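J.: just to be clear, this is only the beginning of the complex, oriented as in the whole thing:
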Amino acid sequence: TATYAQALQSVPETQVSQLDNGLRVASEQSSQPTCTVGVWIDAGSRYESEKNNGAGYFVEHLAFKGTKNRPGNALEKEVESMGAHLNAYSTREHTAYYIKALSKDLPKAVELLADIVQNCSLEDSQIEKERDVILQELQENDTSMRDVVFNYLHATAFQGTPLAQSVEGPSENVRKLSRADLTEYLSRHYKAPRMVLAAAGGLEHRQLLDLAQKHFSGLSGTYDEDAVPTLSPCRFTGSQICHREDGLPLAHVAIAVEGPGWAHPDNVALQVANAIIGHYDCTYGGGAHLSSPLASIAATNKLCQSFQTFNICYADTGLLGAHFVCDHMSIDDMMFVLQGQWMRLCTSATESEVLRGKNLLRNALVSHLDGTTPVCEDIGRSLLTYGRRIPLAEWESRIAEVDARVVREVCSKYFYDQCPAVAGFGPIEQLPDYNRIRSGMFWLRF
Amino acid sequence: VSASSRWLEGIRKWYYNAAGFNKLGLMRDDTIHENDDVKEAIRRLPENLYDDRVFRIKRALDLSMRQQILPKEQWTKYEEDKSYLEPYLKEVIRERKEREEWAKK
Amino acid sequence: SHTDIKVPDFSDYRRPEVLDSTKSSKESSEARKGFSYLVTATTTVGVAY
């Protein structure tokens, strides 16, 4: 039978075309009877300013509530009535509207996405309606301790920069933000060079282009020339934010050093090292015998309820670390073990565990790209962030290169003797003093 | 089958009587040094064997305190001596040695 | 509403090379650790004497 090596080659060429526009239009054909189409805009919230902030989110909220061609209620009516799924997200860097549909519906799927992404009828009525909704979201988002701490870690690490901002913005902006503000953001940011039509499933690329030209005709056609700026680089602080609230039953900590961001070859190697540390959850099957020395000790000594390693990327920067959740008398021990892990991997990563991490990463990767929606999202995002789609085989190549040295090196570069950003929330009396955390970022023995 | 392996057996039965844990109602497995491997196998013992084990030791430490010994009747016959711990202890070491090989690669 | 939180401005306490919001802190990182560890190196050097 097919080797895994063979099996990577079999996965098709992501076909890319450029419109007379800026708009890139990209596709992976598969034999599916079903597709995901949509638009990845290079708008985010790194892109906004203090007065602007939370616009894109207010746009996302407005985006499906009716166009010039299809008023208020009726877009919904069309999508729903054809059994398709309309959806959106924005990040600090990326906005995406996408439809899950029947493949035979890729015509009207594209037709719709076009109408959405240009002809948003931002009716005054609605921007008003939306402001109460968006405020409620803020009130409920305040209850997700995890959602909070990552907003805090962003708020402290990037301290000064647009990246420090939340995607929703502050309460006050939401209440003051006008239609003028919104259309200004819209007309600045929703230009064809800064957006990709992405599709995955049961379609020829030829049809996708035909439809790109048809319905994305003249976006940046005569446009572009005036006051498009590139992103500023974002200063990392490394610094601490401690919001102490003993009324909450468990502590969330999220610790990070500075990442290199999207482009950098080091991401692969860091992701391996991350994979080795891994994640835990109290519902994990079989605890003591877990490979990961963190996760093992965590489970045996009941040192938390959850952890997760991470590497968030932005342009030219990012947050690399871990976040956990635990009892008020665990915050220290959990901190010790996580930190001592990082350092072990910096200094004395053995050969064996790195092969595990490498496999874990391969398994994550293939498994992640499962079916139209993931693959489409990865087409769209990738073209924004790499200017290509990077083929699975290339990732295998990039993974295969890494071994223990490539770990100890790339870990030491990012982790060793570096100021972290700490964010902390809830019953956080025992969260180690910052000096003592920062002491944890190097061994005296080494 | 054998005159001579009945002799190694007679040497063994000698040393058994000579050791003289029997004399305080003890069994060979009552007398084992508690290390981690041993400690766990006591953990793994079923309720009755555990309760029987604690009583044997309790009776013996009592005698040992009063510097006495059982009636010869009440001593533990070499043949009547059950290695109730053996299989557990073996399974523990077996599991540990696995973890130890895995730690090597 | 936890989105109302900004971290207070810090320029007033910040080292000179960590002041531009647009400037990466990675450049100054080596120098800043360099200075402060040389401050502790020389102290030990003095105590050792």
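T.: That came through fine. Numbering: from 1, shown residues only, chains lettered A, B, ... in the order given.

J.: secondary structure element for the nearest residue to residue A:446 once chain neighbours are set aside?
T.: Computed as C-beta to C-beta, 6 or more residues apart in numbering or on different chains, the closest residue to residue A:446 that is not its neighbour in sequence is residue A:347, at 5.0 Å. C-beta coordinates here come from the backbone N, C-alpha and C atoms, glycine included. In this assignment (DSSP states H and E), residue A:347 forms part of helix A:331-348.

J.: tell me what that helix is packed against?
T.: If you count contacts as 3 or more C-beta pairs under 8 Å, 6 or more residues apart in numbering or on different chains; DSSP states H and E, helix A:331-348 packs onto strand A:251-259, helix A:266-277, helix A:293-300, strand A:317-326, helix A:404-414.

J.: now that helix, how far from the centre of its chain.
T.: 26 Å (C-alpha atoms, centre = their mean, to the nearest Å).

J.: buried sites along it?
T.: A:331-335, A:337-339, A:341-346 (16 or more other C-beta atoms under 10 Å in any protein chain shown).

J.: just give the number of residues close to the residue in chain A that chain C sits nearest to.
T.: Residue of chain A nearest chain C, by C-beta to the nearest C-beta: residue A:160 (3.9 Å). By other C-beta atoms under 10 Å in any protein chain shown, the residues close to residue A:160 number 21.

J.: thinking again about what came up before, does the residue nearest to residue A:446 really touch residue A:408, like I thought?
T.: Yes - applying C-beta atoms under 8 Å, one finds residue A:347 in contact with residue A:408, separated by 6.6 Å.

J.: near chain A, which residues of chain B?
T.: residue B:105 (C-beta under 8 Å from any C-beta of the partner chain).

J.: so who does the residue minimising distance to the centre of chain B touch?
T.: Among the residues of chain B, residue B:29 comes closest to the average C-alpha position under C-alpha atoms, centre = their mean, at 1.2 Å. Listed by C-beta atoms under 8 Å, 6 or more residues apart in numbering or on different chains, the contact set of residue B:29 reads B:53, B:82-86.

J.: how about the helices and strands packed on helix A:331-348, which one is nearest residue A:122?
T.: Closest to residue A:122 of these, according to C-beta to C-beta: strand A:317-326, at 32.5 Å.

J.: chain D goes on too:
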Amino acid sequence: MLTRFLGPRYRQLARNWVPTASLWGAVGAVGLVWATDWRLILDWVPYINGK
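T.: Alright, chain D goes in next:
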């Protein structure tokens, strides 16, 4: 009873901590050299032979 510690990983991990352990004896001896003013060694060092 140290059979335990003989395998591929252990040799990787020793090979990892070797340049460090090298330097730690460099630290330790040169400190003893300086602290005793070892005469025998220090004659070799330019500047420091102050006689």
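
J.: back to the buried residues of helix A:331-348, now that we've got chain D?
T.: Within helix A:331-348, the residues that count as buried by 16+ other C-beta under 10 Å are A:331-335, A:337-339, A:341-348.

J.: and the furthest pair within the residues you listed?
T.: A:331 and A:348 (26.1 Å).

J.: thinking again about what came up before, for residue A:268, see how far away the residue nearest to the residue nearest to the centre of chain B when sequence neighbours are not counted is.
T.: In space, and not counting its chain neighbours, residue B:29 is closest to residue B:85: 3.9 Å by C-beta to C-beta, 6+ apart. Distance, residue B:85 to residue A:268, by C-beta to C-beta, to the nearest Å: 51 Å.

J.: and the helix holding residue A:347, is it in reach of chain B?
T.: No - contact of helix A:331-348 with chain B (C-beta under 8 Å from any C-beta) is absent, the minimum separation being 14.4 Å.

J.: only alpha carbons, please: show the helix or strand following that helix as CSV.
T.: Downstream of helix A:331-348, the first helix or strand assigned by DSSP H and E is helix A:351-368. Once non-C-alpha atoms are left out, helix A:351-368 reads as follows in CSV (Å, rounded to 0.1, in the frame of the first residue of the first chain):
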residue,chain,number,x,y,z
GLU,A,351,16.8,12.9,20.5
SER,A,352,13.7,10.7,21.1
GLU,A,353,11.1,13.2,22.4
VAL,A,354,11.8,15.4,19.4
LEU,A,355,10.8,12.5,17.1
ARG,A,356,7.5,12.4,19.1
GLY,A,357,6.9,16.1,18.8
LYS,A,358,7.7,15.8,15.1
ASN,A,359,5.1,13.0,14.7
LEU,A,360,2.6,14.8,16.9
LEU,A,361,3.0,17.8,14.6
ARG,A,362,2.6,15.8,11.4
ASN,A,363,-0.6,14.2,12.9
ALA,A,364,-2.0,17.6,13.9
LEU,A,365,-1.3,18.9,10.5
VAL,A,366,-2.9,16.2,8.3
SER,A,367,-5.8,15.8,10.7
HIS,A,368,-6.3,19.6,10.8
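
J.: who's in contact with helix A:351-368?
T.: By C-beta under 8 Å, 6+ apart, helix A:351-368 touches A:268, A:271-276, A:278, A:291, A:374, A:378, A:392, A:395-396, A:399-400, A:402-404, A:406-407, B:105, D:8-9, D:12.

J.: one more time with 6 Å
T.: With contact meaning C-beta atoms under 6 Å, 6 or more residues apart in numbering or on different chains, helix A:351-368 is reached by A:271-272, A:275-276, A:374, A:399, A:403-404, A:407, B:105, D:9, D:12.

J.: tack on chain E:
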Amino acid sequence: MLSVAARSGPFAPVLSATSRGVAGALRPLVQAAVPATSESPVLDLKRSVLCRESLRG
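T.: Following on from the chains above, chain E is added here:
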């Protein structure tokens, strides 16, 4: 069209070695964070939702 499972109704639990415990199918959770103050159980003596083995390059 079997799998009861995603007939989108009755419950399916998942346990795993690697991955956090799931609870399954359908019912409103859903058109229901849309009109709002669904305040959420977000990390109290708890698991974590989303779940991982879902990273990237």
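
J.: mind redoing what packs on helix A:331-348 now chain E's in there?
T.: Packed against helix A:331-348 by the contact rule (3 or more C-beta pairs under 6 Å, 6 or more residues apart in numbering or on different chains; DSSP states H and E) you find helix A:293-300, strand A:317-326, helix A:404-414.

J.: which residues touch the residue of chain D found nearest chain E?
T.: Nearest residue of chain D to chain E: residue D:9, at 22.7 Å (C-beta to the nearest C-beta). With C-beta under 6 Å, 6+ apart as the criterion, the residues that contact residue D:9 are A:350, A:352, B:104-105.

J.: just the buried ones from these, in PyMOL syntax?
T.: Buried subset of these, written as a PyMOL selection, criterion 16+ other C-beta under 10 Å:
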select buried, chain A and resi 350+352
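
J.: just send the contacts of residue D:9 back as CSV, with distance to residue B:45 too.
T.: Below are the contacts of residue D:9 laid out as CSV (distance: C-beta to C-beta, whole Å):
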residue, distance to residue B:45
A:350, 37
A:352, 36
B:104, 31
B:105, 33
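
J.: please identify which pair of the contacts of residue D:9 lies farthest apart.
T.: A:350 and B:104 (10.4 Å).

J.: about what we covered before: for the closest residue to the residue of chain D closest to chain E other than its chain neighbours, give its distance to residue C:28.
T.: Nearest-residue entry for residue D:9: residue A:350, 4.8 Å, with adjacent residues in sequence omitted and distances by C-beta to C-beta, 6+ apart. Distance of residue A:350 to residue C:28, computed by C-beta to C-beta: 34 Å.

J.: next, count neighbours for the closest residue to chain B within chain E.
T.: Residue nearest to chain B within chain E: residue E:17 (16.2 Å; C-beta to the nearest C-beta). Using other C-beta under 10 Å, the number of residues around residue E:17 comes to 9.

J.: ok, the nearest residue to it once chain neighbours are set aside - contacts?
T.: Nearest residue to residue E:17, sequence neighbours excluded (C-beta to C-beta, 6+ apart): residue A:285, at 4.3 Å. By C-beta under 6 Å, 6+ apart, residue A:285 lies in contact with E:15-17.

J.: not counting its neighbours along the chain, what's nearest residue A:333?
T.: Closest residue to residue A:333 apart from its sequence neighbours, by C-beta to C-beta, 6+ apart: residue A:303 at 5.4 Å.

J.: residues contacting the one you found?
T.: Contacts of residue A:303 (C-beta under 6 Å, 6+ apart): A:330, A:333-334.
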